[PDB]
Amino acid sequence: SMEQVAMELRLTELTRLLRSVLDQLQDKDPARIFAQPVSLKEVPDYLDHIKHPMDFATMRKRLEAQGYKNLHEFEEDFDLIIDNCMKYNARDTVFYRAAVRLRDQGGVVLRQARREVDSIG
């Protein structure tokens, strides 16, 4: 149907906008602390602590399959990156601190992304 095509175009355009958001948030992590999944070979207990691991590569795979239906879903995954890190790592660590800085900086980007998603529809 033409209705199904139109919906698919909206999903494609959302995907374009989330790709640009993802790039912007990842630039706020110049250390690349959140670039890849936590290795279970290197942190064998991780899944005892963290039940839903997340990282920027995993988000990018989902994005490219057009697997985010709305901005809420995308923000959920970004929040998991931050929140997982702040639980696993102590306050005095470079990892925790990197997450705080990513959260603070990413807030700015996400605030305007919401306006744009509502605005363009």
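- If you check the header, you'll see the entry was determined by X-ray crystallography and the resolution is listed as 1.6000 Å.

- The chain is annotated in the PDB entry as Bromodomain-containing protein 1 of Homo sapiens.

**Brief notes about the side chain of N84**
- Tracing the backbone through its elements, the reader meets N84 in helix α4 (residues 71-88).
- At 2.8 Å, the side chain of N84 and the backbone oxygen of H52 are in polar contact.
- Sequence-distant contacts of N84, defined by excluding residues within four places in its chain, comprise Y46, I50, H52, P53 and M54.

**So, the nonpolar core**
- One finds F34, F56, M59, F74 and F78 to be the most contacted residues of the largest nonpolar core, which totals 26 residues.
- Of all elements in the fold, only α1 (2-27), α3 (56-64), α4 and α5 (94-120) reach the threshold of two or more residues within this core.
- The biggest single contributor to this core is α5, with eight residues.
- Residues contacting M59, with those up to four places away along its chain left out, are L22, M54, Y68, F74, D77, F78 and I81.

**Side note on unusual backbone geometry**
- Unlike most non-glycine residues, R32 shows phi in positive territory, near 65 degrees.
- Along the chain, the position of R32 falls in the loop between α1 and α2 (46-49).
- Classification of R32 as exposed rests on a relative accessible area of 53%.
- Even without being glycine, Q66 reaches a positive phi, approximately 45 degrees.
- As for its position among the elements, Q66 is in the loop between α3 and α4.
- Classification of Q66 by relative accessible area gives partly exposed; the value is 30%.

**Observations concerning the packing of α1 against α5**
- Following both chains from N to C, one finds α1 and α5 inclined at 160 degrees, their axes separated by 10 Å at the closest point. In terms of orientation, α1 lies roughly antiparallel with respect to α5. For the element pair α1 and α5, the recorded crossing hand is right-handed. Residues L14, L17, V21, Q24 and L25 of α1 lie in contact with α5, whose contacting residues are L102, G106, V109, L110, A113, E116 and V117.
- Along the lines of polarity and charge, the residues of the contact of α1 with α5 split into nine nonpolar, two polar and one charged.

Basis of the calculations
- Residues numbered from 1 in each chain as written, not as in the entry; some residues may be left out.
- Heavy atoms only, no water.
- Residues with missing side-chain atoms left out of burial classes, pairs and counts.
- Helix = DSSP H or I, 4+ residues; strand = E, 2+ residues; numbered from the N terminus.
- Polar contact = N/O pair within 3.5 Å; in protein donor to acceptor, adjacent residues only side chain to side chain.
- Contact = heavy atoms within 4.5 Å.
- Core = buried A, V, L, I, M, F, W, Y, C linked by side-chain atoms within 4.5 Å.
- Buried < 20%, exposed > 50% of the residue type's maximum accessible area, 1.4 Å probe, protein only.
- Axes fitted to C-alpha atoms, helices over the stretch in contact; angles between N-to-C directions.
- Parallel < 35°, antiparallel > 145°, perpendicular 65-115°, else oblique.
- Left-handed = near helix turned anticlockwise from the far one by under 90°.
- Nonpolar A, V, L, I, M, F, W, Y, C, P; charged D, E, K, R; others polar.

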